[PDB]
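Undergrad: Got a structure for you, final.csv, holding CSV, C-alpha atoms.
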```csv
chain,number,residue,atom,x,y,z
A,130,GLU,CA,-133.3,-152.3,138.4
A,131,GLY,CA,-134.3,-155.6,136.7
A,132,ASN,CA,-132.1,-158.6,136.2
A,133,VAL,CA,-129.9,-159.9,133.3
A,134,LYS,CA,-131.1,-163.4,132.6
A,135,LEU,CA,-128.1,-165.7,132.3
A,136,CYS,CA,-127.2,-168.0,129.3
A,137,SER,CA,-127.3,-171.5,130.6
A,138,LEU,CA,-124.7,-174.1,129.7
A,139,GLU,CA,-127.6,-175.6,127.7
A,140,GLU,CA,-128.5,-172.4,125.9
A,141,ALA,CA,-124.8,-171.7,125.0
A,142,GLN,CA,-124.6,-175.2,123.5
A,143,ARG,CA,-127.7,-174.6,121.4
A,144,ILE,CA,-126.4,-171.3,120.1
A,145,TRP,CA,-123.0,-172.6,119.0
A,146,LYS,CA,-124.6,-175.5,117.2
A,147,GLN,CA,-127.2,-173.5,115.3
A,148,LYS,CA,-125.1,-170.6,113.9
A,149,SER,CA,-122.3,-172.9,112.5
A,150,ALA,CA,-119.8,-171.2,114.8
A,151,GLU,CA,-120.3,-167.8,112.9
A,152,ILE,CA,-120.2,-166.2,116.3
A,153,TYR,CA,-117.8,-163.7,117.8
A,154,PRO,CA,-115.5,-165.5,120.2
A,155,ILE,CA,-115.5,-164.5,123.9
A,156,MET,CA,-112.4,-164.3,126.0
A,157,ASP,CA,-111.8,-165.9,129.4
A,158,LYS,CA,-113.9,-164.3,132.1
A,159,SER,CA,-111.0,-164.2,134.7
A,160,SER,CA,-108.5,-162.4,132.4
A,161,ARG,CA,-110.5,-160.3,129.9
A,162,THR,CA,-110.7,-156.6,130.3
A,163,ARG,CA,-113.9,-155.4,128.7
A,164,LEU,CA,-114.5,-151.6,128.5
A,165,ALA,CA,-117.6,-149.5,127.7
A,166,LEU,CA,-118.0,-145.7,127.4
A,167,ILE,CA,-121.1,-143.7,128.2
A,168,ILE,CA,-121.1,-140.1,127.0
A,169,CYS,CA,-124.2,-138.3,128.3
A,170,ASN,CA,-125.1,-134.6,127.7
A,171,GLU,CA,-127.9,-133.4,130.0
A,172,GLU,CA,-127.1,-129.7,130.6
A,173,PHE,CA,-126.7,-127.5,127.5
A,174,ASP,CA,-125.9,-123.8,126.9
A,175,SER,CA,-128.8,-123.2,124.4
A,176,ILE,CA,-131.1,-126.3,124.3
A,177,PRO,CA,-133.4,-127.9,126.9
A,178,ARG,CA,-132.2,-129.8,129.9
A,179,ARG,CA,-132.6,-133.6,129.5
A,180,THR,CA,-134.1,-134.3,132.9
A,181,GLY,CA,-134.2,-138.1,132.8
A,182,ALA,CA,-130.5,-138.4,132.1
A,183,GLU,CA,-129.3,-139.6,135.5
A,184,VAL,CA,-131.8,-142.5,135.5
A,185,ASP,CA,-130.6,-143.4,132.0
A,186,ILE,CA,-126.9,-143.2,133.0
A,187,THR,CA,-127.6,-145.4,136.1
A,188,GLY,CA,-129.5,-148.0,134.1
A,189,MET,CA,-127.1,-148.3,131.2
A,190,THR,CA,-124.1,-148.4,133.7
A,191,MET,CA,-125.6,-151.2,135.7
A,192,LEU,CA,-126.6,-153.1,132.6
A,193,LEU,CA,-123.2,-152.9,131.0
A,194,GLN,CA,-121.5,-153.9,134.2
A,195,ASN,CA,-123.8,-156.9,134.5
A,196,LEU,CA,-122.8,-157.8,130.9
A,197,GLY,CA,-119.1,-157.8,132.1
A,198,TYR,CA,-117.9,-154.3,131.0
A,199,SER,CA,-116.0,-151.7,133.0
A,200,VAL,CA,-117.9,-148.5,132.4
A,201,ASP,CA,-116.6,-145.0,132.1
A,202,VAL,CA,-119.1,-142.2,132.2
A,203,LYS,CA,-118.4,-138.7,130.8
A,204,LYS,CA,-121.0,-135.9,131.2
A,205,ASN,CA,-121.7,-132.6,129.4
A,206,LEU,CA,-119.0,-132.5,126.8
A,207,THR,CA,-118.5,-130.3,123.7
A,208,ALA,CA,-118.0,-132.1,120.4
A,209,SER,CA,-114.2,-131.3,120.8
A,210,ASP,CA,-114.2,-132.9,124.2
A,211,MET,CA,-116.1,-135.9,123.0
A,212,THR,CA,-113.6,-136.3,120.2
A,213,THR,CA,-110.7,-136.2,122.7
A,214,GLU,CA,-112.4,-138.8,124.9
A,215,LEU,CA,-113.1,-141.1,121.9
A,216,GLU,CA,-109.5,-140.9,120.8
A,217,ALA,CA,-108.4,-141.7,124.3
A,218,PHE,CA,-110.9,-144.6,124.6
A,219,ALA,CA,-109.7,-146.1,121.3
A,220,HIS,CA,-106.1,-146.2,122.7
A,221,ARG,CA,-107.1,-147.9,126.0
A,222,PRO,CA,-104.7,-150.9,126.6
A,223,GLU,CA,-107.7,-152.9,127.9
A,224,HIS,CA,-109.0,-153.4,124.3
A,225,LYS,CA,-106.1,-155.7,123.5
A,226,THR,CA,-107.3,-158.2,126.1
A,227,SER,CA,-111.0,-157.5,125.4
A,228,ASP,CA,-113.4,-159.3,123.0
A,229,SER,CA,-115.9,-156.4,122.3
A,230,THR,CA,-116.9,-152.9,123.3
A,231,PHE,CA,-120.0,-150.7,123.8
A,232,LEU,CA,-120.2,-147.0,123.2
A,233,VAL,CA,-123.4,-145.2,124.4
A,234,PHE,CA,-124.2,-141.6,123.4
A,235,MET,CA,-127.1,-139.8,125.0
A,236,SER,CA,-127.7,-136.2,123.9
A,237,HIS,CA,-129.7,-134.0,121.7
A,238,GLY,CA,-129.0,-134.5,118.0
A,239,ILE,CA,-129.3,-133.2,114.5
A,240,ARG,CA,-129.8,-135.3,111.4
A,241,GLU,CA,-126.1,-135.6,110.8
A,242,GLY,CA,-124.6,-135.6,114.3
A,243,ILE,CA,-124.8,-135.6,118.1
A,244,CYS,CA,-125.0,-132.3,119.9
A,245,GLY,CA,-122.3,-131.1,122.3
A,246,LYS,CA,-123.1,-129.0,125.3
A,247,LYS,CA,-122.6,-125.7,123.5
A,248,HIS,CA,-124.7,-126.5,120.3
A,249,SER,CA,-126.7,-123.6,118.9
A,250,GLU,CA,-128.2,-122.6,115.5
A,251,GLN,CA,-125.8,-119.7,115.4
A,252,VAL,CA,-122.7,-121.6,116.6
A,253,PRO,CA,-122.8,-125.4,115.9
A,254,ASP,CA,-121.3,-127.9,118.4
A,255,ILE,CA,-121.7,-131.3,116.6
A,256,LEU,CA,-120.0,-134.6,116.7
A,257,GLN,CA,-120.5,-136.2,113.3
A,258,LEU,CA,-121.5,-139.9,113.3
A,259,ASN,CA,-118.7,-140.6,110.8
A,260,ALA,CA,-116.2,-139.4,113.4
A,261,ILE,CA,-117.2,-142.1,115.9
A,262,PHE,CA,-116.7,-144.8,113.3
A,263,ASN,CA,-113.4,-143.3,112.1
A,264,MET,CA,-112.0,-143.1,115.6
A,265,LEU,CA,-112.8,-146.7,116.4
A,266,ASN,CA,-111.9,-148.2,113.0
A,267,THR,CA,-109.1,-150.7,112.2
A,268,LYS,CA,-106.5,-148.0,111.6
A,269,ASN,CA,-107.2,-145.8,114.6
A,270,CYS,CA,-108.2,-148.7,116.9
A,271,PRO,CA,-106.3,-151.8,115.8
A,272,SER,CA,-106.9,-153.3,119.2
A,273,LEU,CA,-110.6,-153.8,118.3
A,274,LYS,CA,-109.9,-155.2,114.9
A,275,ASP,CA,-112.3,-158.2,114.3
A,276,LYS,CA,-114.2,-157.5,117.5
A,277,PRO,CA,-117.8,-156.3,117.7
A,278,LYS,CA,-118.2,-152.6,118.4
A,279,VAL,CA,-121.8,-151.8,119.5
A,280,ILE,CA,-122.7,-148.1,119.2
A,281,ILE,CA,-125.9,-147.0,120.9
A,282,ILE,CA,-126.9,-143.5,119.8
A,283,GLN,CA,-129.7,-141.6,121.5
A,284,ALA,CA,-129.6,-138.2,119.9
A,285,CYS,CA,-133.0,-136.5,120.4
A,286,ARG,CA,-134.2,-134.5,117.5
A,287,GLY,CA,-137.2,-132.2,117.0
A,288,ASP,CA,-137.6,-133.7,113.6
A,289,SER,CA,-137.6,-137.4,114.7
A,290,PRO,CA,-139.6,-139.5,112.2
A,291,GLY,CA,-143.3,-139.5,113.4
A,292,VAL,CA,-146.6,-140.9,112.2
A,293,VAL,CA,-149.2,-140.8,109.5
A,294,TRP,CA,-152.9,-140.9,110.4
A,295,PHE,CA,-155.3,-143.4,108.9
A,296,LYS,CA,-158.9,-144.5,109.4
A,297,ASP,CA,-159.9,-148.0,110.7
A,317,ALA,CA,-94.9,-159.2,104.5
A,318,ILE,CA,-97.8,-156.7,104.7
A,319,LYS,CA,-101.5,-157.7,104.6
A,320,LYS,CA,-104.7,-155.8,104.1
A,321,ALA,CA,-107.6,-155.4,106.6
A,322,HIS,CA,-110.9,-153.8,106.0
A,323,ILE,CA,-110.8,-150.2,107.4
A,324,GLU,CA,-114.3,-150.5,108.9
A,325,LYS,CA,-115.7,-153.8,110.0
A,326,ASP,CA,-117.5,-155.4,113.0
A,327,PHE,CA,-119.7,-152.4,113.9
A,328,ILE,CA,-123.4,-152.2,114.6
A,329,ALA,CA,-125.2,-149.0,115.5
A,330,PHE,CA,-128.7,-148.7,117.2
A,331,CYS,CA,-130.1,-145.2,116.8
A,332,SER,CA,-132.9,-143.4,118.5
A,333,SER,CA,-133.9,-139.8,117.6
A,334,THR,CA,-137.1,-139.6,119.7
A,335,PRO,CA,-137.2,-136.6,122.1
A,336,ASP,CA,-139.1,-136.2,125.4
A,346,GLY,CA,-135.8,-142.0,132.5
A,347,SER,CA,-136.3,-142.0,128.7
A,348,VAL,CA,-138.6,-144.5,127.0
A,349,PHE,CA,-136.0,-145.7,124.6
A,350,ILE,CA,-133.3,-146.4,127.1
A,351,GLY,CA,-135.8,-148.1,129.4
A,352,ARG,CA,-137.0,-150.4,126.7
A,353,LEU,CA,-133.5,-151.2,125.5
A,354,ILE,CA,-132.4,-152.1,129.0
A,355,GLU,CA,-135.5,-154.3,129.5
A,356,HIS,CA,-134.8,-156.2,126.2
A,357,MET,CA,-131.1,-156.6,126.9
A,358,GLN,CA,-132.0,-158.0,130.3
A,359,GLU,CA,-134.6,-160.5,128.9
A,360,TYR,CA,-132.9,-161.5,125.7
A,361,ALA,CA,-129.1,-161.3,126.0
A,362,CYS,CA,-129.2,-164.9,127.1
A,363,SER,CA,-130.8,-166.2,123.9
A,364,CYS,CA,-130.5,-163.6,121.1
A,365,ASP,CA,-127.6,-161.9,119.4
A,366,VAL,CA,-127.5,-158.1,119.6
A,367,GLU,CA,-129.0,-157.5,116.1
A,368,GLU,CA,-132.0,-159.6,117.1
A,369,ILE,CA,-132.4,-157.8,120.5
A,370,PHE,CA,-132.6,-154.5,118.5
A,371,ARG,CA,-135.2,-155.9,116.3
A,372,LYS,CA,-137.2,-157.0,119.3
A,373,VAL,CA,-137.0,-153.5,120.7
A,374,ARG,CA,-138.5,-152.2,117.4
A,375,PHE,CA,-141.2,-154.9,117.6
A,376,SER,CA,-142.1,-153.7,121.1
A,377,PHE,CA,-142.6,-150.1,119.7
A,378,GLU,CA,-144.7,-151.1,116.7
A,379,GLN,CA,-147.8,-149.2,117.8
A,380,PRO,CA,-147.2,-145.4,118.4
A,381,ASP,CA,-148.6,-143.9,121.6
A,382,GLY,CA,-146.0,-141.4,123.1
A,383,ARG,CA,-143.8,-139.5,120.6
A,384,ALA,CA,-143.2,-142.3,118.1
A,385,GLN,CA,-140.3,-144.7,118.7
A,386,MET,CA,-138.9,-146.6,115.8
A,387,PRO,CA,-135.1,-147.0,116.5
A,388,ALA,CA,-133.1,-148.1,113.4
A,389,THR,CA,-130.2,-150.4,113.2
A,390,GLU,CA,-127.5,-148.7,111.2
A,391,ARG,CA,-124.1,-149.0,109.6
A,392,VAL,CA,-123.9,-152.8,110.2
A,393,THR,CA,-120.6,-154.4,109.3
A,394,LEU,CA,-120.8,-157.4,111.7
A,395,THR,CA,-119.7,-160.5,109.9
A,396,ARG,CA,-120.6,-162.8,112.8
A,397,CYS,CA,-123.4,-163.0,115.4
A,398,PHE,CA,-122.6,-161.1,118.6
A,399,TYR,CA,-124.0,-163.1,121.5
A,400,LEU,CA,-123.2,-161.6,124.9
A,401,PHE,CA,-123.4,-165.0,126.7
A,402,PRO,CA,-124.4,-163.4,130.1
A,403,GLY,CA,-122.9,-165.5,132.9
A,404,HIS,CA,-119.9,-166.5,130.7
```
Starting from the file, lay out its structure as structure tokens.
TA:
Amino acid sequence: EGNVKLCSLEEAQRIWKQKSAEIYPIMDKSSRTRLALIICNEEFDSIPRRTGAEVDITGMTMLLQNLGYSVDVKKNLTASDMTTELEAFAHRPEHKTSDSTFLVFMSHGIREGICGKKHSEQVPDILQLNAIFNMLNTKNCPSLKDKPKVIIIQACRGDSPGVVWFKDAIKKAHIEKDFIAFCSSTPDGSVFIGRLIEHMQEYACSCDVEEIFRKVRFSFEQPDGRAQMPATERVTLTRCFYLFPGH
């Protein structure tokens, strides 16, 4: 399974000093109610089965639990069902007494969206990326205002970027803020999810999530399988999100 390295009292002190307190605050361990949602589509009407899905669900579930999240897992949804689930997730009371969330999507994709179980050329079944952000934004999810919302999107695409060959009384709040997305389109557990888990395990103690994502990219810098170069996207974090594993 691997092991999430903990942030020592010493490391935590270092982190708070160096970033001038521009860090997202964490709530008390014994009262906070952190939630995470995994939506995984493995079985589809018209597109290939994603056979490594159960290994990926297991790994992401155990990781997120080890980082302090209660994890819901939903499987084999249409875009409509994903929409319903995301709206419900946004309204969960636990977010009020949480400091953060993770949402993980694992499916096939197209350039502008995630495939639902019924997706076909002739009859689309697509969850737009915009919809995810809209449903979790400050209006629709006030409970996560000013709290980091980490969106992991594995949406496997036949046109994933590849390679080139060479020789040799009222107040205003921002509608959308405190998001970060990390996006993989590489098709065929899966290589991307495995590498992400390894890096979270090794570096959550010492690195903020943005830096962990960079390190994942660094680990993939030389292509060998189908090319992996997962992009960080749609970043409106204003502070560093350290997971402080063990706290």
Undergrad: Please list as a PyMOL selection string every residue within 7 Å of residue 286 in chain A, counting only C-alpha atoms and excluding residues in the same chain fewer than 2 positions away.
TA: chain A and resi 237-239+284+288-289+333-335
Undergrad: Name the residues in contact with residue 209 in chain A at a cut-off of 12 Å, using all atoms listed in the file, excluding same-chain residues fewer than 4 positions from it; report them as a PyMOL selection string.
TA: chain A and resi 205+213-216+243-248+253-257+260
Undergrad: If you keep C-alpha atoms, can you produce a file of those selected residues as an mmCIF file, in the frame of the given file?
TA:
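Written out: again.cif:
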```cif
data_model
loop_
_atom_site.group_PDB
_atom_site.id
_atom_site.type_symbol
_atom_site.label_atom_id
_atom_site.label_comp_id
_atom_site.auth_asym_id
_atom_site.auth_seq_id
_atom_site.Cartn_x
_atom_site.Cartn_y
_atom_site.Cartn_z
ATOM 1 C CA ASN A 205 -121.700 -132.600 129.400
ATOM 2 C CA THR A 213 -110.700 -136.200 122.700
ATOM 3 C CA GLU A 214 -112.400 -138.800 124.900
ATOM 4 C CA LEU A 215 -113.100 -141.100 121.900
ATOM 5 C CA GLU A 216 -109.500 -140.900 120.800
ATOM 6 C CA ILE A 243 -124.800 -135.600 118.100
ATOM 7 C CA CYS A 244 -125.000 -132.300 119.900
ATOM 8 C CA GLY A 245 -122.300 -131.100 122.300
ATOM 9 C CA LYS A 246 -123.100 -129.000 125.300
ATOM 10 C CA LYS A 247 -122.600 -125.700 123.500
ATOM 11 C CA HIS A 248 -124.700 -126.500 120.300
ATOM 12 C CA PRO A 253 -122.800 -125.400 115.900
ATOM 13 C CA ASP A 254 -121.300 -127.900 118.400
ATOM 14 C CA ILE A 255 -121.700 -131.300 116.600
ATOM 15 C CA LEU A 256 -120.000 -134.600 116.700
ATOM 16 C CA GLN A 257 -120.500 -136.200 113.300
ATOM 17 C CA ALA A 260 -116.200 -139.400 113.400
#
```
Undergrad: Restricting the calculation to all atoms listed in the file, which member of A:401, A:296, A:369, A:220 is positioned closest to residue 139 in chain A?
TA: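 Of all the options, A:401 lies closest to residue 139 in chain A.
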Undergrad: Could you produce a table of the residues of range 225-363 of chain A lying within 6 Å of range 169-184 of chain A, with the nearest pair of atoms per residue and their separation in Å rounded to one decimal, using only C-alpha atoms, ordered by chain and increasing residue number, as JSON lines?
TA:
```
{"residue": "A:234", "atom": "CA", "partner": "A:169", "partner_atom": "CA", "distance": 5.9}
{"residue": "A:235", "atom": "CA", "partner": "A:169", "partner_atom": "CA", "distance": 4.6}
{"residue": "A:236", "atom": "CA", "partner": "A:170", "partner_atom": "CA", "distance": 4.9}
{"residue": "A:246", "atom": "CA", "partner": "A:173", "partner_atom": "CA", "distance": 4.5}
{"residue": "A:247", "atom": "CA", "partner": "A:174", "partner_atom": "CA", "distance": 5.1}
{"residue": "A:249", "atom": "CA", "partner": "A:175", "partner_atom": "CA", "distance": 5.9}
{"residue": "A:346", "atom": "CA", "partner": "A:181", "partner_atom": "CA", "distance": 4.2}
```
Undergrad: Restricting the calculation to all atoms listed in the file, which member of A:400, A:285, A:202, A:388 is positioned closest to residue 347 in chain A?
TA: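 With all atoms listed in the file as the atom set, the closest residue is A:285.
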Undergrad: List every protein, DNA or RNA residue that has an atom no more than 9 Å from (-128.0, -145.3, 125.4) in the file's coordinate frame, counting only C-alpha atoms, and report them as a VMD selection string.
TA: chain A and resid 167 to 169 185 to 186 189 232 to 235 280 to 283 330 to 332 349 to 350 353 to 354
Undergrad: So, counting all atoms listed in the file, which residue among A:231, A:262, A:218, A:327 is closest to residue 196 in chain A?
TA: A:231
Undergrad: Any idea what's packed within 9 Å of residue 394 in chain A, counting all atoms listed in the file, ignoring anything in its chain fewer than 6 positions away? Could you give it as a ChimeraX atom specification?
TA: /A:275-278,325-328
Undergrad: Can you complete the atoms of range 182-214 of chain A to N, CA and C atoms and list them as an mmCIF file, keeping the file's coordinate frame?
TA:
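Result file is rebuild.cif:
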```
data_model
loop_
_atom_site.group_PDB
_atom_site.id
_atom_site.type_symbol
_atom_site.label_atom_id
_atom_site.label_comp_id
_atom_site.auth_asym_id
_atom_site.auth_seq_id
_atom_site.Cartn_x
_atom_site.Cartn_y
_atom_site.Cartn_z
ATOM 1 N N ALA A 182 -131.820 -137.933 132.439
ATOM 2 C CA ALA A 182 -130.500 -138.400 132.100
ATOM 3 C C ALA A 182 -129.880 -139.275 133.170
ATOM 4 N N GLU A 183 -130.008 -138.876 134.439
ATOM 5 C CA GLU A 183 -129.300 -139.600 135.500
ATOM 6 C C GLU A 183 -129.899 -141.008 135.657
ATOM 7 N N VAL A 184 -131.221 -141.163 135.503
ATOM 8 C CA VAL A 184 -131.800 -142.500 135.500
ATOM 9 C C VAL A 184 -131.285 -143.323 134.379
ATOM 10 N N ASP A 185 -131.142 -142.718 133.195
ATOM 11 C CA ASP A 185 -130.600 -143.400 132.000
ATOM 12 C C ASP A 185 -129.174 -143.812 132.196
ATOM 13 N N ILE A 186 -128.342 -142.912 132.735
ATOM 14 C CA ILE A 186 -126.900 -143.200 133.000
ATOM 15 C C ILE A 186 -126.859 -144.404 133.981
ATOM 16 N N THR A 187 -127.637 -144.340 135.063
ATOM 17 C CA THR A 187 -127.600 -145.400 136.100
ATOM 18 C C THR A 187 -127.982 -146.721 135.463
ATOM 19 N N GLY A 188 -129.082 -146.759 134.702
ATOM 20 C CA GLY A 188 -129.500 -148.000 134.100
ATOM 21 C C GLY A 188 -128.556 -148.599 133.131
ATOM 22 N N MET A 189 -128.011 -147.767 132.242
ATOM 23 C CA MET A 189 -127.100 -148.300 131.200
ATOM 24 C C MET A 189 -125.765 -148.707 131.913
ATOM 25 N N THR A 190 -125.338 -147.992 132.958
ATOM 26 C CA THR A 190 -124.100 -148.400 133.700
ATOM 27 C C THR A 190 -124.276 -149.728 134.305
ATOM 28 N N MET A 191 -125.386 -149.937 135.020
ATOM 29 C CA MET A 191 -125.600 -151.200 135.700
ATOM 30 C C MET A 191 -125.743 -152.338 134.717
ATOM 31 N N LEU A 192 -126.437 -152.091 133.599
ATOM 32 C CA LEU A 192 -126.600 -153.100 132.600
ATOM 33 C C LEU A 192 -125.254 -153.543 132.045
ATOM 34 N N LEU A 193 -124.464 -152.564 131.615
ATOM 35 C CA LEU A 193 -123.200 -152.900 131.000
ATOM 36 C C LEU A 193 -122.245 -153.567 131.957
ATOM 37 N N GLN A 194 -122.264 -153.168 133.232
ATOM 38 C CA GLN A 194 -121.500 -153.900 134.200
ATOM 39 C C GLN A 194 -121.917 -155.330 134.346
ATOM 40 N N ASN A 195 -123.237 -155.544 134.354
ATOM 41 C CA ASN A 195 -123.800 -156.900 134.500
ATOM 42 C C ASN A 195 -123.450 -157.725 133.270
ATOM 43 N N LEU A 196 -123.204 -157.090 132.115
ATOM 44 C CA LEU A 196 -122.800 -157.800 130.900
ATOM 45 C C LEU A 196 -121.260 -157.978 130.866
ATOM 46 N N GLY A 197 -120.548 -157.477 131.889
ATOM 47 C CA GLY A 197 -119.100 -157.800 132.100
ATOM 48 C C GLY A 197 -118.202 -156.609 131.673
ATOM 49 N N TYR A 198 -118.743 -155.398 131.468
ATOM 50 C CA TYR A 198 -117.900 -154.300 131.000
ATOM 51 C C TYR A 198 -117.587 -153.361 132.223
ATOM 52 N N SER A 199 -116.348 -152.858 132.201
ATOM 53 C CA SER A 199 -116.000 -151.700 133.000
ATOM 54 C C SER A 199 -116.448 -150.455 132.300
ATOM 55 N N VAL A 200 -117.206 -149.623 133.015
ATOM 56 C CA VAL A 200 -117.900 -148.500 132.400
ATOM 57 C C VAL A 200 -117.324 -147.175 132.830
ATOM 58 N N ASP A 201 -116.905 -146.378 131.847
ATOM 59 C CA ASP A 201 -116.600 -145.000 132.100
ATOM 60 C C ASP A 201 -117.778 -144.127 131.691
ATOM 61 N N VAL A 202 -118.043 -143.094 132.495
ATOM 62 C CA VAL A 202 -119.100 -142.200 132.200
ATOM 63 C C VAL A 202 -118.555 -140.769 132.132
ATOM 64 N N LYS A 203 -118.832 -140.097 131.011
ATOM 65 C CA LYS A 203 -118.400 -138.700 130.800
ATOM 66 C C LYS A 203 -119.697 -137.872 130.569
ATOM 67 N N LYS A 204 -119.752 -136.682 131.177
ATOM 68 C CA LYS A 204 -121.000 -135.900 131.200
ATOM 69 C C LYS A 204 -120.707 -134.482 130.650
ATOM 70 N N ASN A 205 -121.630 -133.988 129.813
ATOM 71 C CA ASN A 205 -121.700 -132.600 129.400
ATOM 72 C C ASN A 205 -120.431 -132.137 128.743
ATOM 73 N N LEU A 206 -120.179 -132.738 127.574
ATOM 74 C CA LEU A 206 -119.000 -132.500 126.800
ATOM 75 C C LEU A 206 -119.374 -131.686 125.518
ATOM 76 N N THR A 207 -118.443 -130.834 125.077
ATOM 77 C CA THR A 207 -118.500 -130.300 123.700
ATOM 78 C C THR A 207 -118.105 -131.390 122.750
ATOM 79 N N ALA A 208 -118.348 -131.148 121.457
ATOM 80 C CA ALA A 208 -118.000 -132.100 120.400
ATOM 81 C C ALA A 208 -116.464 -132.316 120.429
ATOM 82 N N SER A 209 -115.694 -131.252 120.701
ATOM 83 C CA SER A 209 -114.200 -131.300 120.800
ATOM 84 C C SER A 209 -113.821 -132.251 121.909
ATOM 85 N N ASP A 210 -114.482 -132.100 123.065
ATOM 86 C CA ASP A 210 -114.200 -132.900 124.200
ATOM 87 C C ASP A 210 -114.582 -134.370 123.983
ATOM 88 N N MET A 211 -115.703 -134.585 123.286
ATOM 89 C CA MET A 211 -116.100 -135.900 123.000
ATOM 90 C C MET A 211 -115.099 -136.588 122.040
ATOM 91 N N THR A 212 -114.585 -135.805 121.088
ATOM 92 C CA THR A 212 -113.600 -136.300 120.200
ATOM 93 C C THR A 212 -112.326 -136.709 120.913
ATOM 94 N N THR A 213 -111.886 -135.870 121.860
ATOM 95 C CA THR A 213 -110.700 -136.200 122.700
ATOM 96 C C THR A 213 -110.910 -137.444 123.457
ATOM 97 N N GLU A 214 -112.111 -137.611 124.025
ATOM 98 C CA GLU A 214 -112.400 -138.800 124.900
ATOM 99 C C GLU A 214 -112.453 -140.030 124.008
#
```
